[PDB]
Each structure stands twice: as C-alpha cells, then as structure tokens.
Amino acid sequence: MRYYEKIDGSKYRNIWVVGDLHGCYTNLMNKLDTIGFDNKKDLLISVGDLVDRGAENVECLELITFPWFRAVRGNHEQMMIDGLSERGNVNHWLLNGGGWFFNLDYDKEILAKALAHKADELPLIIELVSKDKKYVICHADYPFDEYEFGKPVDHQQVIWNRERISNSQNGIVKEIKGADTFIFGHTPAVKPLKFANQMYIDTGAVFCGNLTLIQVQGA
C-alpha cells in the first residue's frame, strides 16, 4: 500500500466525508439516502475506524470494496490487521471492541478475514483536490506543521495522536501549511469542531447515533 493517495475531485459530482463509523452501517445508509447520494456520480471519503464496538462491522468494512467509498485506515483497522497477522497479538484489539470478529458465523468470519487483508491496502492519508482547493484527510492527525505529499511519516502518529486537538482545546491553535483544509476523526466530540484549518467530525455515532457527514464538493 501507499501512505498517500490523491483523489481528483473533478471526476465526481458531490463529495462527502464521514466521521468514525464503528459498525454504524444502517445509520450511514439512511444518511446517504437522505442526502440524495448517488453512488454512480458521488464520492464518499471516510476517516477510518470502520469497525469495533458497533454492531454492523462486516457491513461497514465491506464498504472499502466499493468504488464510491474511499477510506483512510484508522487505528482500529490497524489493530484488527495486526491482531489477525500471523505473528500478531489480539489483546489490544479485543481491549478496543474487536470481539465482534470472534462472534461471527463461519461464513462471515472468512469474509471478514479477506476484507481485513484488503484493509491493509488502505492509505494513511488522502489528498483531495477540489475546485483549486486542497483537502487532506487523516484518521487522527497529520503530525507536521507543513503538509507535503509523500513526506514519510510514522503511521502511529497519523492514526493515534491526540496532541494537536488537545492543544487546540487548550487555546493553543495553529494552522497547517500545505493544504486548504484538514479533516480528521478519531477524537469524539458532541459537535463537529474546527481549529484553524483543521476539522474534526467524529461525533460518536457508535455511542449516541450522531454520525456526521460533511459535503466538500458540489451542491
């Protein structure tokens, strides 16, 4: 897989970005239906964390097989992948809601295992160019003051770090050069937040049912 992945927005009509799903498949589908999403024209970008804690995990993970669904891996996808790895330890994954995997029927377990393999092909960062506007999507954060396509980075920081949102909430706010807007999930909040040119759209759908989707193009 490649850390960065570029998406040419001019190839789609409307483009949306959704926060952490954690098995909230039905919630998502109803939203798309409600916003008039057309999978033959529009594009949905995901911040990752498609599985764990929630109920419809396989259904959510499977979305990565659809052309209209473009996701970046979250720390939960990583824990699942490492956990299922030949020399991996499931401990961490089970301590984060991965139990659903060991509760699947035989058929689904096989499907889940194949989908986990595909999840390991997911990028860590997505660069979306839309109308001369550049949007960067990562699960938790882009650990640099300046963004640069292809710049090597520690994946752990991209998917686990909460230091930036933490300072932003403590008053310490700073912009990230290199792109117009940054969109992350990972850290839940009652309402979508925005500090400088950074947006946080994880409104804890698995916890309360509030799943947020922001439109970044069209309409």
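Start at 1 with the first residue shown and count on from there.
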(request) Determine, for stretches 93-101 and 142-150, which one has the higher mean CA B-factor as deposited. (result) 142-150
(message) Mean CA temperature factor from the deposited coordinates, higher in 105-113 or in 73-81?
(response) 105-113
(request) Go through 27, 57, 168, 46 one by one and give the residue whose Cα B-factor in the PDB entry is largest. (result) 168
(request) Go through 159, 35, 51, 63 one by one and give the residue whose Cα B-factor in the PDB entry is largest. (result) 35
(message) Quick check on the deposited entry: does the C-alpha B-factor of residue 124 sit in the lowest, middle or highest third of its chain?
(response) lowest
(message) Using the temperature factors of the C-alpha atoms in this entry, rank residue 23 within its chain: lowest, middle or highest third.
(response) lowest
(request) Quick one: classify residue 196 as lowest, middle or highest third of the chain based on its Cα B-factor. (result) highest
